[PDB]
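Please read the structure below before turning to the comments.
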Amino acid sequence: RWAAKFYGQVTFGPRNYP
Amino acid sequence: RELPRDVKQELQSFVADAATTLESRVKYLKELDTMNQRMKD
Amino acid sequence: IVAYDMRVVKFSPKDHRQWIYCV
Amino acid sequence: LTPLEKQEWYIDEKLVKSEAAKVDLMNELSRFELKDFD
Amino acid sequence: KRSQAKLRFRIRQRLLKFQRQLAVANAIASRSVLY
RNA sequence: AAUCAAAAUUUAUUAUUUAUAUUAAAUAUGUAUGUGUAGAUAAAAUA
RNA sequence: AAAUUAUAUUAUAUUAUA
C-alpha cells in the first residue's frame, strides 16, 4: 500500500491517466 | 487480544529489512513503468 | 454455411484465445 | 472494402490473424502483476 | 461481438482496480509529484 | 593491433589510515540501542 | 487468515580519550 500513499500528491492532470 | 494497528505498522517499519524492501519496491516501480510503456504503444 | 464469427473464449484470467464460431 | 466481405458466410483470414494478434496483445498486457505486497 | 465486449470489460476492470499505482507510475515518469 | 619496469619489483625516513594491545575519571540535576564483520551449523504459525 | 516458506546458535564493533 506504499504506492497508494502518493496518489494524493499527483497533480489533477495525470490523476486520470488510464 | 491482538496488537493495535498503528504499533503494528510502526513495528513493521522498525524491525524489517531495508534492502529487500528497497529492491522489491524499485523493481515494482520498474514493472509498472514497463506496463505504462507497453500501454503507450 | 449460414454465418462465420470470431468469438473470444477465456480459459483463465491470463489466457484468452480466439475461436471461429460457425452456424 | 469488397462487397464479398460484407456477407456473414464469408470470412477474411487476414482479419482473423490481425484481431488474434490484438487478443495476444491483450494477453501480454494481462501477464503483468500489479499487487503492491507492502 | 459481446465476447469482445466482455474482454474489454475485464481489461477495464483490471485497469480501474489498480488505477492509483499506474497513475503514480505515470506521475513519476512525467516528473509531476508534489513532495 | 606497432613498445617500454603499477604492487616487473626489492629496501628506507618528522609524516596518512584502518586495525594491535594499551588506556581513566565521573551518582548536584537530565540522559545516550547499527548496518556489518565472523565459526560450525542438531528451536519454529498477528498474515 | 489456514499451509508454513522461516535457517537458526551465540559473541563483537567504533576519538572513552590519548
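Structure data summary
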read-out	value
Hits among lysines - C-alpha to C-alpha of residue D:14 under 27 Å, sequence gap 8 or more where chains match	B:40, C:10, C:14, D:6, D:22, E:1, E:6
Candidate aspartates and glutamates for bridging to residue B:8, where Cα separation is under 20 Å - those fewer than 8 sequence places away on the same chain excluded	B:17, D:36, D:38
Low-density loop cleavage sites - trypsin sites (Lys or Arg not before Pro) in chain B, where at most 13 other Cβ are within 10 Å (DSSP)	B:1
Sorted by Cβ density within 10 Å, fewest first, the residues E:33, C:23	C:23, E:33
Rough spin-label spacing in nm, given labels placed 7 Å along Cα→Cβ, for residue D:19 and residue D:35	3.4
Sparse-neighbourhood loop sites, trypsin sites (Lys or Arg not before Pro) in the stretch D:1-34 - DSSP loop, at most 14 other Cβ within 10 angstrom	D:6, D:31
0 to 90° range, to nearest 10: angle between helix B:18-40 axis and chain B longest Cα axis	30
Two-site label geometry, residue D:26 and residue C:1: point separation in nm, points 7 Å out along Cα→Cβ	2.4
For a label point 7 Å along the Cα-to-beta-carbon line of residue C:11, residues of the stretch E:1-30 with backbone N under 12 Å	none
GluC sites (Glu not before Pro) within chain D: DSSP coil, no more than 11 neighbouring Cβ in 10 Å	D:5, D:33
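Rule-based calculations on the coordinates, nothing more; no lab input. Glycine gets a Cβ as well: all are built from the backbone with ideal geometry, and neighbour counts include every protein chain shown.
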